[PDB]
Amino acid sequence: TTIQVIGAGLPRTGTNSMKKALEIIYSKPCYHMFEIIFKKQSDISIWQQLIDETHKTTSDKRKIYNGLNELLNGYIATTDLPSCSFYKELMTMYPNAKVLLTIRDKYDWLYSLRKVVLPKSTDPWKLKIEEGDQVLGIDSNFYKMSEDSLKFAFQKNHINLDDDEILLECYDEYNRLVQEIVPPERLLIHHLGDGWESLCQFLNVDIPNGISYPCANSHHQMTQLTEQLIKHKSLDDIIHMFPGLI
């Protein structure tokens, strides 16, 4: 088992649906932030170490390659933060792996990002997200790793995360650089709604017979999850309300 597909798309661009789609195609696990949050919170400090390594004057690329290889052992693919921020390193480690860039309208993306992943620090909803996350054992260590991974993706040290104009241009910039760095024959750009056919051709497989392309992880559902985590204080007690999410 080795990485076949490197997902370079940013959070809220359909990465969880792509994760599920790749697991359907290959019948092997794909990495995603949900793997960290719901299955392996122990990985948070490992990711934090790697991102930190990138902030050294002279970063040790072999330390990073080895960390990545450790983290992704047994996975056939990667999507979402924090792995997407390392797509260049992943490309080097796995020269035969193809690259996917999931993408969507930037304004739709920002609204989705604000409601689920990166609320403004002035948003009361941020406190609700944090309360719900405590139920899952998710705390400041997680938030620091995820924010750091985003800043690493965007290649910014000091950045005002609360500024929508900065995020919007960072988003466009990120997507543009992926297209300029990855050779076109090694890259598929997948827009929301594109479904199986460009993906499957790209990966040299048939369209899965009678299996629909996944449509997962909407902001409405994530808002509901937060609301129910706060209300019932137990993931196990509410997971029947969220089929196919985790």
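Numbers for residues come from their place in the sequence shown, where the first is 1.
Colleague: Going by the average Cα B-factor in the PDB entry, point out whether 48-56 or 28-36 comes out higher.
Modeller: Going by the record's values, the stretch with the higher mean is 48-56.
Colleague: Using only C-alpha atoms and the B-factors in the entry, which stretch averages higher, 133-141 or 165-173?
Modeller: Result of the comparison: 133-141.
Colleague: Check where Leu81 lands among this chain's C-alpha B-factors and tell me if it's the lowest, middle or highest third.
Modeller: For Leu81, whose C-alpha B-factor we compare with every modelled residue in the chain, the answer is the lowest third.
Colleague: How does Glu89 rank on Cα B-factor within its chain, lowest, middle or highest third?
Modeller: For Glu89, whose C-alpha B-factor we compare with every modelled residue in the chain, the answer is the lowest third.
Colleague: Ranking the modelled residues of this chain by C-alpha B-factor as given in the entry, is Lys120 in the lowest, middle or highest third?
Modeller: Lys120: CA B-factor falls in the highest third of its chain.
Colleague: If you rank every modelled residue in this chain by C-alpha B factor, which third holds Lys151: lowest, middle or highest?
Modeller: Answer is middle: the recorded C-alpha B-factor places it there.
Colleague: Lowest, middle or highest third: where is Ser218 by Cα B-factor in its chain?
Modeller: Tercile = middle for this residue's CA B-factor.
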